[PDB]
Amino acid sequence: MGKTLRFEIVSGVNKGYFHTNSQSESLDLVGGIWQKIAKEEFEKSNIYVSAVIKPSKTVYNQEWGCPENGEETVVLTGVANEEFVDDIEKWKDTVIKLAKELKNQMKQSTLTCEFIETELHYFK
């Protein structure tokens, strides 16, 4: 019953720039970018932030640029595991740094990053 934090990031996939065709292709695109930026930060701080990535669409007003029925998006989540990181604040600052880097590399005008309290049970 370790009290910790989870994050959730939502990003567009910018098909106008990366020209991905399917949701598997955009999932792999975002996953590859996260894999690179997470490793780069891990080399600097010894904190590796893994991410679960999920296909999704995001529904907003068509006048703001949303396609009918929703924009293709990826949801990234993760959770601070005390077996891997000993400082929750540093982990949180790392997630924020990665979220801003993801926004930049995905060429997104906006991005959301949330933190939620969670109780993590890790079975090994």
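All residue numbers are counted from 1 along the displayed sequence. Take the two forms, superpose them, and find the largest set of C-alpha atoms that agree within 1.5 Å; that set is the rigid core.
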91-99 against 63-71 - segment lying farther from this form in 5 other deposited structures of this protein (CA RMS, rigid core fit): 63-71
Per the entry, where is the mean C-alpha temperature factor higher: 87-95 or 52-60? 87-95
Stretch with higher mean Cα temperature factor, 115-123 vs 1-9, is 1-9
Hey, what third does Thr73 fall into on Cα B-factor, ranked over its chain? lowest
Modelled-residue ranking by C-alpha temperature factor, third containing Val79: lowest
Should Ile33 be placed in the lowest, middle or highest third of its chain by the C-alpha B factor in the entry? middle
